[PDB]
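*Asks:* JSON, C-alpha atoms, file final_10.json:
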```json
[["chain", "number", "residue", "atom", "x", "y", "z"],
["A", 206, "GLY", "CA", -18.98, 12.82, 10.49],
["A", 207, "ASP", "CA", -18.61, 10.78, 7.30],
["A", 208, "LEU", "CA", -14.98, 11.76, 6.78],
["A", 209, "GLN", "CA", -13.08, 8.99, 8.58],
["A", 210, "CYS", "CA", -10.38, 9.45, 5.96],
["A", 211, "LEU", "CA", -6.77, 8.38, 5.85],
["A", 212, "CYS", "CA", -6.21, 11.51, 3.81],
["A", 213, "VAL", "CA", -6.80, 14.39, 6.15],
["A", 214, "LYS", "CA", -3.83, 16.52, 5.07],
["A", 215, "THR", "CA", -2.52, 16.45, 1.50],
["A", 216, "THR", "CA", 0.69, 17.73, -0.09],
["A", 217, "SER", "CA", 2.48, 18.70, -3.28],
["A", 218, "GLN", "CA", 5.93, 18.86, -1.67],
["A", 219, "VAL", "CA", 7.39, 15.79, -3.45],
["A", 220, "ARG", "CA", 9.33, 15.00, -6.63],
["A", 221, "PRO", "CA", 7.34, 12.83, -9.11],
["A", 222, "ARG", "CA", 10.46, 10.77, -9.79],
["A", 223, "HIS", "CA", 10.38, 9.73, -6.12],
["A", 224, "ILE", "CA", 6.97, 8.09, -6.28],
["A", 225, "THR", "CA", 7.03, 4.30, -6.59],
["A", 226, "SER", "CA", 3.25, 3.83, -6.49],
["A", 227, "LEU", "CA", -0.07, 5.66, -6.40],
["A", 228, "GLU", "CA", -3.35, 4.36, -5.02],
["A", 229, "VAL", "CA", -6.59, 5.98, -6.05],
["A", 230, "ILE", "CA", -9.33, 5.09, -3.58],
["A", 231, "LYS", "CA", -13.01, 5.51, -4.37],
["A", 232, "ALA", "CA", -15.14, 7.55, -2.00],
["A", 233, "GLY", "CA", -17.02, 5.25, 0.35],
["A", 234, "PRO", "CA", -19.44, 5.07, 3.32],
["A", 235, "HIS", "CA", -16.56, 5.84, 5.69],
["A", 236, "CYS", "CA", -14.58, 8.35, 3.63],
["A", 237, "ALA", "CA", -17.04, 9.77, 1.08],
["A", 238, "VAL", "CA", -14.32, 11.64, -0.81],
["A", 239, "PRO", "CA", -11.75, 10.33, -3.33],
["A", 240, "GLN", "CA", -8.24, 9.69, -2.01],
["A", 241, "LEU", "CA", -4.80, 9.70, -3.65],
["A", 242, "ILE", "CA", -2.12, 7.95, -1.63],
["A", 243, "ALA", "CA", 1.39, 7.94, -3.02],
["A", 244, "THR", "CA", 4.32, 5.89, -1.72],
["A", 245, "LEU", "CA", 7.89, 7.20, -1.87],
["A", 246, "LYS", "CA", 11.20, 5.40, -2.48],
["A", 247, "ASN", "CA", 11.67, 5.25, 1.29],
["A", 248, "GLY", "CA", 8.36, 3.46, 1.81],
["A", 249, "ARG", "CA", 6.93, 6.70, 3.16],
["A", 250, "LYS", "CA", 3.30, 7.39, 2.23],
["A", 251, "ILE", "CA", 1.65, 10.75, 1.54],
["A", 252, "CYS", "CA", -1.70, 12.05, 0.34],
["A", 253, "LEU", "CA", -1.85, 14.18, -2.79],
["A", 254, "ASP", "CA", -4.09, 17.16, -3.48],
["A", 255, "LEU", "CA", -7.25, 15.80, -5.14],
["A", 256, "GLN", "CA", -7.16, 18.44, -7.81],
["A", 257, "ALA", "CA", -3.72, 20.04, -7.79],
["A", 258, "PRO", "CA", -1.66, 19.84, -10.99],
["A", 259, "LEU", "CA", 0.99, 17.50, -9.60],
["A", 260, "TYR", "CA", -1.04, 14.25, -9.45],
["A", 261, "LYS", "CA", -1.84, 14.36, -13.19],
["A", 262, "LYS", "CA", 1.88, 14.37, -13.94],
["A", 263, "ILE", "CA", 2.77, 11.77, -11.29],
["A", 264, "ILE", "CA", 0.41, 9.40, -13.11],
["A", 265, "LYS", "CA", 2.15, 10.09, -16.41],
["A", 266, "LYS", "CA", 5.59, 9.47, -14.97],
["A", 267, "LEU", "CA", 4.43, 6.14, -13.49],
["A", 268, "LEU", "CA", 2.88, 4.87, -16.74],
["A", 269, "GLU", "CA", 5.97, 5.64, -18.80],
["A", 270, "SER", "CA", 8.32, 3.88, -16.40],
["B", 108, "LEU", "CA", 4.75, 15.56, 12.44],
["B", 109, "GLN", "CA", 4.09, 15.86, 8.70],
["B", 110, "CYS", "CA", 2.26, 12.54, 8.97],
["B", 111, "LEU", "CA", -0.40, 10.74, 6.97],
["B", 112, "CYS", "CA", -1.96, 9.17, 10.01],
["B", 113, "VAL", "CA", -3.05, 12.28, 11.90],
["B", 114, "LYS", "CA", -6.18, 10.59, 13.26],
["B", 115, "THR", "CA", -6.16, 6.84, 13.98],
["B", 116, "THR", "CA", -8.86, 4.31, 14.84],
["B", 117, "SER", "CA", -9.32, 0.99, 16.63],
["B", 118, "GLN", "CA", -12.78, 0.39, 15.15],
["B", 119, "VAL", "CA", -11.91, -2.57, 12.97],
["B", 120, "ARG", "CA", -12.28, -6.35, 12.95],
["B", 121, "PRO", "CA", -8.88, -8.07, 12.70],
["B", 122, "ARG", "CA", -10.31, -10.73, 10.37],
["B", 123, "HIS", "CA", -11.18, -8.20, 7.64],
["B", 124, "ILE", "CA", -7.60, -6.91, 7.43],
["B", 125, "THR", "CA", -5.76, -8.20, 4.33],
["B", 126, "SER", "CA", -2.50, -6.31, 4.89],
["B", 127, "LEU", "CA", -0.70, -4.18, 7.44],
["B", 128, "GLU", "CA", 2.00, -1.66, 6.66],
["B", 129, "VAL", "CA", 4.26, -0.64, 9.51],
["B", 130, "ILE", "CA", 6.07, 2.65, 8.90],
["B", 131, "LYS", "CA", 9.06, 3.69, 11.03],
["B", 132, "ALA", "CA", 9.08, 7.09, 12.72],
["B", 133, "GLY", "CA", 11.02, 9.60, 10.69],
["B", 134, "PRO", "CA", 11.77, 13.30, 10.02],
["B", 135, "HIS", "CA", 8.45, 13.81, 8.28],
["B", 136, "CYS", "CA", 6.47, 12.05, 11.02],
["B", 137, "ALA", "CA", 7.42, 11.91, 14.71],
["B", 138, "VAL", "CA", 5.78, 8.59, 15.55],
["B", 139, "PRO", "CA", 5.31, 5.16, 13.91],
["B", 140, "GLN", "CA", 2.36, 4.61, 11.56],
["B", 141, "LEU", "CA", 0.24, 1.50, 11.22],
["B", 142, "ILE", "CA", -1.69, 1.39, 7.97],
["B", 143, "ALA", "CA", -4.08, -1.52, 7.50],
["B", 144, "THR", "CA", -5.85, -2.51, 4.30],
["B", 145, "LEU", "CA", -9.23, -4.24, 4.46],
["B", 146, "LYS", "CA", -10.76, -6.78, 2.09],
["B", 147, "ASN", "CA", -13.07, -4.22, 0.48],
["B", 148, "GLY", "CA", -9.93, -2.22, -0.35],
["B", 149, "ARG", "CA", -10.32, 0.46, 2.32],
["B", 150, "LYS", "CA", -7.25, 1.79, 4.17],
["B", 151, "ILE", "CA", -7.11, 3.03, 7.77],
["B", 152, "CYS", "CA", -4.67, 4.16, 10.43],
["B", 153, "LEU", "CA", -4.62, 2.04, 13.58],
["B", 154, "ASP", "CA", -4.25, 3.20, 17.17],
["B", 155, "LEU", "CA", -0.73, 2.45, 18.48],
["B", 156, "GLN", "CA", -2.26, 0.00, 21.00],
["B", 157, "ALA", "CA", 0.00, -3.04, 21.52],
["B", 158, "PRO", "CA", -2.74, -5.61, 22.26],
["B", 159, "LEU", "CA", -4.66, -4.66, 19.12],
["B", 160, "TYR", "CA", -1.87, -4.59, 16.55],
["B", 161, "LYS", "CA", -0.32, -7.68, 18.14],
["B", 162, "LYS", "CA", -3.62, -9.51, 17.60],
["B", 163, "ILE", "CA", -3.70, -8.21, 14.03],
["B", 164, "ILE", "CA", -0.09, -9.12, 13.23],
["B", 165, "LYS", "CA", -0.85, -12.61, 14.58],
["B", 166, "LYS", "CA", -3.86, -13.31, 12.36],
["B", 167, "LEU", "CA", -1.79, -12.11, 9.39],
["B", 168, "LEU", "CA", 1.37, -14.07, 10.18],
["B", 169, "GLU", "CA", -0.70, -17.18, 10.88],
["B", 170, "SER", "CA", -2.85, -17.16, 7.77],
["C", 6, "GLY", "CA", -6.72, -15.32, -10.41],
["C", 7, "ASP", "CA", -4.65, -12.40, -11.73],
["C", 8, "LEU", "CA", -2.14, -12.09, -8.85],
["C", 9, "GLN", "CA", 0.75, -14.23, -7.60],
["C", 10, "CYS", "CA", 3.21, -14.04, -4.70],
["C", 11, "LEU", "CA", 5.34, -10.91, -4.72],
["C", 12, "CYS", "CA", 8.15, -12.69, -2.91],
["C", 13, "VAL", "CA", 10.39, -15.12, -4.76],
["C", 14, "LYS", "CA", 12.83, -15.78, -1.93],
["C", 15, "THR", "CA", 13.71, -14.19, 1.42],
["C", 16, "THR", "CA", 16.72, -12.25, 2.68],
["C", 17, "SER", "CA", 18.40, -12.98, 6.01],
["C", 18, "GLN", "CA", 21.35, -10.60, 5.96],
["C", 19, "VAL", "CA", 20.01, -7.14, 6.74],
["C", 20, "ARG", "CA", 20.20, -4.70, 9.64],
["C", 21, "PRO", "CA", 16.91, -4.01, 11.44],
["C", 22, "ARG", "CA", 18.23, -0.45, 11.56],
["C", 23, "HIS", "CA", 18.04, -0.05, 7.76],
["C", 24, "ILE", "CA", 14.37, -0.92, 7.38],
["C", 25, "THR", "CA", 12.07, 2.05, 6.93],
["C", 26, "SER", "CA", 8.86, 0.12, 6.35],
["C", 27, "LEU", "CA", 7.52, -3.42, 6.69],
["C", 28, "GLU", "CA", 4.44, -4.68, 4.83],
["C", 29, "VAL", "CA", 2.83, -7.86, 6.21],
["C", 30, "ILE", "CA", 0.58, -9.55, 3.58],
["C", 31, "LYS", "CA", -1.97, -12.16, 4.69],
["C", 32, "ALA", "CA", -2.10, -15.37, 2.63],
["C", 33, "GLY", "CA", -4.94, -15.75, 0.16],
["C", 34, "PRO", "CA", -5.69, -16.33, -3.58],
["C", 35, "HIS", "CA", -2.62, -14.30, -4.58],
["C", 36, "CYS", "CA", -0.27, -16.31, -2.38],
["C", 37, "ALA", "CA", -0.71, -19.31, -0.06],
["C", 38, "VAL", "CA", 1.83, -17.94, 2.42],
["C", 39, "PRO", "CA", 2.16, -14.64, 4.35],
["C", 40, "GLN", "CA", 4.69, -12.16, 3.00],
["C", 41, "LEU", "CA", 7.04, -9.76, 4.80],
["C", 42, "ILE", "CA", 8.21, -6.96, 2.52],
["C", 43, "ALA", "CA", 10.82, -4.76, 4.17],
["C", 44, "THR", "CA", 11.73, -1.49, 2.53],
["C", 45, "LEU", "CA", 15.24, -0.19, 3.21],
["C", 46, "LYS", "CA", 16.51, 3.40, 3.62],
["C", 47, "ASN", "CA", 17.73, 3.43, 0.01],
["C", 48, "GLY", "CA", 14.43, 2.23, -1.44],
["C", 49, "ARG", "CA", 15.38, -1.40, -2.03],
["C", 50, "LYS", "CA", 12.78, -3.99, -1.05],
["C", 51, "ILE", "CA", 13.33, -7.51, 0.24],
["C", 52, "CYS", "CA", 11.29, -10.29, 1.81],
["C", 53, "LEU", "CA", 11.92, -11.72, 5.28],
["C", 54, "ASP", "CA", 11.95, -15.33, 6.44],
["C", 55, "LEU", "CA", 8.91, -16.18, 8.52],
["C", 56, "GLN", "CA", 10.63, -18.90, 10.57],
["C", 57, "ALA", "CA", 13.57, -16.57, 11.19],
["C", 58, "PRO", "CA", 13.13, -14.31, 14.27],
["C", 59, "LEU", "CA", 14.84, -11.47, 12.43],
["C", 60, "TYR", "CA", 11.45, -9.91, 11.63],
["C", 61, "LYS", "CA", 10.12, -9.97, 15.17],
["C", 62, "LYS", "CA", 13.11, -7.72, 15.91],
["C", 63, "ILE", "CA", 12.45, -5.46, 12.90],
["C", 64, "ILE", "CA", 8.87, -5.03, 14.05],
["C", 65, "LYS", "CA", 10.24, -4.10, 17.47],
["C", 66, "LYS", "CA", 12.71, -1.54, 16.13],
["C", 67, "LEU", "CA", 9.91, -0.18, 13.96],
["C", 68, "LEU", "CA", 7.19, -0.01, 16.62],
["C", 69, "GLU", "CA", 9.39, 2.01, 18.98],
["C", 70, "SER", "CA", 9.33, 5.45, 17.30],
["D", 306, "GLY", "CA", 16.00, -9.52, -6.54],
["D", 307, "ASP", "CA", 13.56, -10.86, -3.95],
["D", 308, "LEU", "CA", 10.40, -9.63, -5.66],
["D", 309, "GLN", "CA", 8.80, -10.60, -8.98],
["D", 310, "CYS", "CA", 5.82, -9.10, -10.81],
["D", 311, "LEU", "CA", 2.63, -9.27, -8.77],
["D", 312, "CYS", "CA", 0.56, -9.58, -11.96],
["D", 313, "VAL", "CA", 0.94, -12.93, -13.69],
["D", 314, "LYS", "CA", -1.77, -11.98, -16.19],
["D", 315, "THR", "CA", -4.35, -9.28, -16.92],
["D", 316, "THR", "CA", -8.11, -8.86, -17.28],
["D", 317, "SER", "CA", -8.78, -6.83, -20.42],
["D", 318, "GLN", "CA", -12.37, -6.17, -19.39],
["D", 319, "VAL", "CA", -14.27, -5.06, -16.28],
["D", 320, "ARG", "CA", -16.85, -2.32, -15.73],
["D", 321, "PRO", "CA", -15.33, 0.84, -14.14],
["D", 322, "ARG", "CA", -18.11, 0.67, -11.55],
["D", 323, "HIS", "CA", -16.84, -2.51, -9.89],
["D", 324, "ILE", "CA", -13.51, -0.90, -8.91],
["D", 325, "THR", "CA", -13.08, 0.57, -5.44],
["D", 326, "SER", "CA", -9.30, 1.04, -5.66],
["D", 327, "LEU", "CA", -6.66, 1.33, -8.40],
["D", 328, "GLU", "CA", -3.01, 0.95, -7.46],
["D", 329, "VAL", "CA", -0.44, 2.05, -10.06],
["D", 330, "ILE", "CA", 2.96, 0.44, -9.41],
["D", 331, "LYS", "CA", 5.79, 1.88, -11.47],
["D", 332, "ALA", "CA", 8.37, -0.40, -13.08],
["D", 333, "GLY", "CA", 11.44, -1.18, -10.99],
["D", 334, "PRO", "CA", 13.76, -4.03, -9.91],
["D", 335, "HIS", "CA", 10.60, -5.92, -8.98],
["D", 336, "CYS", "CA", 9.00, -5.69, -12.42],
["D", 337, "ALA", "CA", 10.13, -4.29, -15.81],
["D", 338, "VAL", "CA", 6.69, -2.88, -16.55],
["D", 339, "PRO", "CA", 4.09, -0.77, -14.73],
["D", 340, "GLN", "CA", 1.16, -2.68, -13.19],
["D", 341, "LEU", "CA", -2.46, -1.63, -12.76],
["D", 342, "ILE", "CA", -4.09, -3.23, -9.72],
["D", 343, "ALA", "CA", -7.84, -2.76, -9.47],
["D", 344, "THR", "CA", -9.62, -3.81, -6.28],
["D", 345, "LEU", "CA", -13.26, -4.79, -6.77],
["D", 346, "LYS", "CA", -16.17, -4.38, -4.36],
["D", 347, "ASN", "CA", -16.08, -8.07, -3.46],
["D", 348, "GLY", "CA", -12.41, -7.65, -2.61],
["D", 349, "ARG", "CA", -11.17, -9.27, -5.80],
["D", 350, "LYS", "CA", -8.02, -7.82, -7.33],
["D", 351, "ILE", "CA", -7.34, -7.90, -11.06],
["D", 352, "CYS", "CA", -4.61, -6.41, -13.22],
["D", 353, "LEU", "CA", -5.32, -4.17, -16.18],
["D", 354, "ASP", "CA", -3.53, -3.67, -19.47],
["D", 355, "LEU", "CA", -1.55, -0.41, -19.68],
["D", 356, "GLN", "CA", -3.99, 1.16, -22.19],
["D", 357, "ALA", "CA", -4.04, 4.95, -21.63],
["D", 358, "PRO", "CA", -7.69, 5.99, -22.13],
["D", 359, "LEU", "CA", -9.31, 2.80, -20.70],
["D", 360, "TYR", "CA", -8.03, 3.17, -17.12],
["D", 361, "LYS", "CA", -7.85, 6.96, -17.46],
["D", 362, "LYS", "CA", -11.62, 6.47, -17.47],
["D", 363, "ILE", "CA", -11.43, 4.39, -14.33],
["D", 364, "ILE", "CA", -9.37, 7.09, -12.69],
["D", 365, "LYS", "CA", -11.84, 9.86, -13.45],
["D", 366, "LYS", "CA", -14.65, 7.52, -12.47],
["D", 367, "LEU", "CA", -12.89, 7.34, -9.11],
["D", 368, "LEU", "CA", -11.98, 11.03, -8.79],
["D", 369, "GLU", "CA", -15.52, 12.21, -9.56],
["D", 370, "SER", "CA", -16.61, 9.76, -6.85]]
```
Before we go any further, please render this structure as structure tokens.
*Replies:*
Amino acid sequence: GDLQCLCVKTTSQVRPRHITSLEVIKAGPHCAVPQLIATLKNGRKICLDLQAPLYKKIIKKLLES
Amino acid sequence: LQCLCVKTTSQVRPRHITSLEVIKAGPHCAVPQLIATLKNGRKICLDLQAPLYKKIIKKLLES
Amino acid sequence: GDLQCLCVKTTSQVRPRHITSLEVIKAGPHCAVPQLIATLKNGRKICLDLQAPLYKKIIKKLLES
Amino acid sequence: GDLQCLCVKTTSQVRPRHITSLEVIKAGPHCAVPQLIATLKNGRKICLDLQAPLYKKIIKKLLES
């Protein structure tokens, strides 16, 4: 009932080098769970697995760009 | 149908929307996706209802 | 204020067909004018002219699956 | 290109608790450096310096949210 989240289904089926941006959204009254939304080169957006290995490395790639 | 916007909503006040992202239908997602960002920072998926997104696009393009 | 307009100038020579995503940004502290960021199939991003009707057609092509 | 850097300056100090969203934009034709966009409760957006631990504390603050 308190999970009106954009991120319903997540993924790990993406190459880190294809991510142009990552948004980390705090849990809130509407979606009381953290959210990781990543944008691809094609403008396509996807949700990443809260605690899967991939996100950690996506963040490293981004910062060293 | 490997979308982001699996469940959409119309419960939103057009005036609180700071940005709207319109995503074209593709191989990973059968239909178009409307992703609005509110002032507080929150993101949501809008219902593909012409009168509603038209109103929204108007307030944004006329700001 | 920490932010400024993202758009420097707009592009008029582009095919609606090549746009994968369009971001419409309301005016505010960051920028006194609305912004239309179109992402192309290759990943390139451009800004569209507000006066120009070109975008009303891109929104059409986009909104129809 | 059509786009310039969104961040014209940065805010070297803010309490991790004010942030509701952190967008990490990788360097590209739009900007030669990464950019850290933090959205505050009031809806204010500030840019952060690319200091590893400092925002890596804002990111965990958000993930453990």
*Asks:* Could you tell me, as a PyMOL selection string, which residues have any atom at most 7 Å from (-7.2, -1.7, -10.2), counting all atoms listed in the file?
*Replies:* chain D and resi 324+326-328+341-344+350-353
*Asks:* For range 41-51 of chain C, what centre and edge lengths in Å (one decimal) does the axis-aligned box get once 6 Å is added on each side of all its listed atoms, as lines of an AutoDock Vina configuration file?
*Replies:*
```
center_x = 12.4
center_y = -3.2
center_z = 1.4
size_x = 22.7
size_y = 25.2
size_z = 18.8
```
*Asks:* Over all C-alpha pairs taken in sequence order, what does chain C look like after a least-squares fit onto chain D? Please give it as a CSV table (one decimal) with C-alpha atoms, in the coordinates of the input.
*Replies:*
```csv
chain,number,residue,atom,x,y,z
C,6,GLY,CA,16.2,-9.4,-5.8
C,7,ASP,CA,13.4,-11.0,-3.7
C,8,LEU,CA,10.4,-9.6,-5.5
C,9,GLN,CA,8.8,-10.1,-9.0
C,10,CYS,CA,5.8,-8.7,-10.9
C,11,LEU,CA,2.5,-9.1,-9.1
C,12,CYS,CA,0.7,-9.1,-12.4
C,13,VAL,CA,0.7,-12.1,-14.7
C,14,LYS,CA,-1.8,-10.9,-17.3
C,15,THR,CA,-4.3,-8.1,-17.5
C,16,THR,CA,-8.1,-8.0,-17.6
C,17,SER,CA,-10.1,-5.9,-20.1
C,18,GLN,CA,-13.7,-6.9,-19.3
C,19,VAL,CA,-14.6,-5.0,-16.2
C,20,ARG,CA,-16.9,-2.1,-15.3
C,21,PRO,CA,-15.2,1.1,-14.1
C,22,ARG,CA,-18.2,1.2,-11.7
C,23,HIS,CA,-17.1,-2.0,-9.9
C,24,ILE,CA,-13.6,-0.8,-9.0
C,25,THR,CA,-13.2,0.4,-5.4
C,26,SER,CA,-9.4,1.0,-5.5
C,27,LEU,CA,-6.6,1.2,-8.0
C,28,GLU,CA,-2.9,0.8,-7.1
C,29,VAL,CA,-0.4,2.1,-9.7
C,30,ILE,CA,3.1,0.6,-9.2
C,31,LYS,CA,6.1,2.2,-10.8
C,32,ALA,CA,8.5,-0.1,-12.6
C,33,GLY,CA,11.7,-1.0,-10.9
C,34,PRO,CA,13.8,-4.1,-9.6
C,35,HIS,CA,10.6,-6.0,-8.8
C,36,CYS,CA,9.1,-5.5,-12.3
C,37,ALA,CA,10.3,-3.8,-15.4
C,38,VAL,CA,6.8,-2.5,-16.3
C,39,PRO,CA,4.2,-0.4,-14.4
C,40,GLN,CA,1.3,-2.3,-12.8
C,41,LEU,CA,-2.3,-1.3,-12.4
C,42,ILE,CA,-4.0,-3.4,-9.7
C,43,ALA,CA,-7.8,-2.7,-9.5
C,44,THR,CA,-9.7,-4.0,-6.6
C,45,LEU,CA,-13.4,-4.7,-7.1
C,46,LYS,CA,-16.4,-4.3,-4.8
C,47,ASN,CA,-16.3,-8.0,-3.9
C,48,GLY,CA,-12.6,-8.0,-3.0
C,49,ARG,CA,-11.3,-9.6,-6.2
C,50,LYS,CA,-8.1,-8.0,-7.7
C,51,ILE,CA,-7.1,-7.8,-11.4
C,52,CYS,CA,-4.5,-5.9,-13.5
C,53,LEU,CA,-5.4,-3.4,-16.2
C,54,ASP,CA,-3.8,-3.1,-19.7
C,55,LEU,CA,-1.6,0.0,-19.9
C,56,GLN,CA,-2.2,0.5,-23.7
C,57,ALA,CA,-5.9,0.1,-23.1
C,58,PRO,CA,-7.7,3.4,-22.2
C,59,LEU,CA,-10.0,1.5,-19.9
C,60,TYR,CA,-7.9,2.6,-16.9
C,61,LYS,CA,-7.8,6.3,-17.7
C,62,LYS,CA,-11.6,6.0,-17.3
C,63,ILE,CA,-11.4,4.1,-14.0
C,64,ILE,CA,-9.1,6.8,-12.7
C,65,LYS,CA,-11.7,9.3,-13.7
C,66,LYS,CA,-14.6,7.5,-12.1
C,67,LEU,CA,-12.4,7.1,-9.0
C,68,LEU,CA,-11.1,10.7,-8.8
C,69,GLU,CA,-14.7,12.1,-8.9
C,70,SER,CA,-15.9,11.3,-5.3
```
*Asks:* For the atom pair CA of residue 166 in chain B and CA of residue 69 in chain C, what is the interatomic distance in Å to one decimal place?
*Replies:*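 Between these atoms lies a distance of 21.3 Å.
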*Asks:* Do me a favour and pick out the residues of chain D within 8 Å of chain B, using all atoms listed in the file, as a ChimeraX atom specification.
*Replies:* /D:325-326,344-348
*Asks:* Which residue out of D:308, D:319, D:363, D:355 has the minimum interatomic distance to residue 333 in chain D when only C-alpha atoms are used?
*Replies:*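 Using only C-alpha atoms, residue 333 in chain D sits closest to D:308.
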*Asks:* Name the closest residue to chain C among the candidates A:223, A:206, A:212, A:260; distances are taken between atoms, counting only C-alpha atoms.
*Replies:*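 Going through A:223, A:206, A:212, A:260 one by one, the smallest distance to chain C is for A:223.
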*Asks:* Do you have the CA of residue 164 in chain B-CA of residue 112 in chain B distance handy?
*Replies:* 18.7 Å
*Asks:* Go through D:337, D:330, D:313, D:367 and flag the residue nearest chain C, using all atoms listed in the file for the distances.
*Replies:*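 Using all atoms listed in the file, chain C sits closest to D:313.
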*Asks:* Quick one: of C:20, C:32, C:49, C:10, who's nearest to chain A, counting all atoms listed in the file?
*Replies:*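 Nearest candidate to chain A out of C:20, C:32, C:49, C:10: C:49.
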*Asks:* Select, from D:356, D:340, D:315, D:370, the residue with the minimum atom-to-atom distance to chain C, counting all atoms listed in the file.
*Replies:*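 Distance minimum relative to chain C lands on D:315.
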*Asks:* What gap, in Å, lies between CA of residue 123 in chain B and CA of residue 14 in chain C?
*Replies:* 26.9 Å
*Asks:* Do you know which residues are at most 8 Å from residue 268 in chain A counting only C-alpha atoms, after dropping those on the same chain fewer than 6 positions away, and could you put them as a list in words?
*Replies:* residues 329, 331, 339 and 355 of chain D
*Asks:* Return range 118-132 of chain B, completed with N, CA, C and O atoms, as a PDB file, in the frame of the given file.
*Replies:*
```
ATOM      1  N   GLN B 118     -11.527   0.993  15.597  1.00  0.00           N
ATOM      2  CA  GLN B 118     -12.780   0.390  15.150  1.00  0.00           C
ATOM      3  C   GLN B 118     -12.541  -0.434  13.895  1.00  0.00           C
ATOM      4  O   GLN B 118     -12.690   0.060  12.775  1.00  0.00           O
ATOM      5  N   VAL B 119     -12.169  -1.694  14.086  1.00  0.00           N
ATOM      6  CA  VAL B 119     -11.910  -2.570  12.970  1.00  0.00           C
ATOM      7  C   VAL B 119     -11.890  -4.008  13.456  1.00  0.00           C
ATOM      8  O   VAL B 119     -11.545  -4.270  14.601  1.00  0.00           O
ATOM      9  N   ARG B 120     -12.277  -4.935  12.593  1.00  0.00           N
ATOM     10  CA  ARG B 120     -12.280  -6.350  12.950  1.00  0.00           C
ATOM     11  C   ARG B 120     -11.032  -6.975  12.353  1.00  0.00           C
ATOM     12  O   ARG B 120     -10.879  -7.031  11.141  1.00  0.00           O
ATOM     13  N   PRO B 121     -10.116  -7.453  13.198  1.00  0.00           N
ATOM     14  CA  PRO B 121      -8.880  -8.070  12.700  1.00  0.00           C
ATOM     15  C   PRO B 121      -9.012  -9.051  11.530  1.00  0.00           C
ATOM     16  O   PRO B 121      -8.106  -9.155  10.705  1.00  0.00           O
ATOM     17  N   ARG B 122     -10.131  -9.760  11.444  1.00  0.00           N
ATOM     18  CA  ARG B 122     -10.310 -10.730  10.370  1.00  0.00           C
ATOM     19  C   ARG B 122     -10.539 -10.138   8.993  1.00  0.00           C
ATOM     20  O   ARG B 122     -10.358 -10.834   7.996  1.00  0.00           O
ATOM     21  N   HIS B 123     -10.924  -8.865   8.928  1.00  0.00           N
ATOM     22  CA  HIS B 123     -11.180  -8.200   7.640  1.00  0.00           C
ATOM     23  C   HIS B 123      -9.940  -7.515   7.066  1.00  0.00           C
ATOM     24  O   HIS B 123      -9.968  -6.984   5.947  1.00  0.00           O
ATOM     25  N   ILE B 124      -8.858  -7.527   7.839  1.00  0.00           N
ATOM     26  CA  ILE B 124      -7.600  -6.910   7.430  1.00  0.00           C
ATOM     27  C   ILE B 124      -6.807  -7.842   6.513  1.00  0.00           C
ATOM     28  O   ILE B 124      -6.447  -8.943   6.915  1.00  0.00           O
ATOM     29  N   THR B 125      -6.531  -7.398   5.286  1.00  0.00           N
ATOM     30  CA  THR B 125      -5.760  -8.200   4.330  1.00  0.00           C
ATOM     31  C   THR B 125      -4.268  -7.874   4.341  1.00  0.00           C
ATOM     32  O   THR B 125      -3.447  -8.687   3.915  1.00  0.00           O
ATOM     33  N   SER B 126      -3.910  -6.681   4.805  1.00  0.00           N
ATOM     34  CA  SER B 126      -2.500  -6.310   4.890  1.00  0.00           C
ATOM     35  C   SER B 126      -2.249  -5.179   5.869  1.00  0.00           C
ATOM     36  O   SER B 126      -3.097  -4.315   6.073  1.00  0.00           O
ATOM     37  N   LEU B 127      -1.078  -5.208   6.497  1.00  0.00           N
ATOM     38  CA  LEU B 127      -0.700  -4.180   7.440  1.00  0.00           C
ATOM     39  C   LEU B 127       0.674  -3.617   7.099  1.00  0.00           C
ATOM     40  O   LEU B 127       1.650  -4.356   6.947  1.00  0.00           O
ATOM     41  N   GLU B 128       0.744  -2.301   6.978  1.00  0.00           N
ATOM     42  CA  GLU B 128       2.000  -1.660   6.660  1.00  0.00           C
ATOM     43  C   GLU B 128       2.477  -0.947   7.922  1.00  0.00           C
ATOM     44  O   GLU B 128       1.747  -0.166   8.526  1.00  0.00           O
ATOM     45  N   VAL B 129       3.693  -1.265   8.342  1.00  0.00           N
ATOM     46  CA  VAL B 129       4.260  -0.640   9.510  1.00  0.00           C
ATOM     47  C   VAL B 129       5.334   0.319   9.023  1.00  0.00           C
ATOM     48  O   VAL B 129       6.290  -0.087   8.370  1.00  0.00           O
ATOM     49  N   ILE B 130       5.145   1.601   9.322  1.00  0.00           N
ATOM     50  CA  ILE B 130       6.070   2.650   8.900  1.00  0.00           C
ATOM     51  C   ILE B 130       6.851   3.212  10.088  1.00  0.00           C
ATOM     52  O   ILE B 130       6.272   3.638  11.087  1.00  0.00           O
ATOM     53  N   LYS B 131       8.173   3.213   9.967  1.00  0.00           N
ATOM     54  CA  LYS B 131       9.060   3.690  11.030  1.00  0.00           C
ATOM     55  C   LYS B 131       9.003   5.202  11.208  1.00  0.00           C
ATOM     56  O   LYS B 131       8.878   5.944  10.234  1.00  0.00           O
ATOM     57  N   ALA B 132       9.103   5.655  12.453  1.00  0.00           N
ATOM     58  CA  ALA B 132       9.080   7.090  12.720  1.00  0.00           C
ATOM     59  C   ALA B 132      10.229   7.737  11.969  1.00  0.00           C
ATOM     60  O   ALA B 132      11.320   7.170  11.863  1.00  0.00           O
TER      61      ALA B 132
END
```
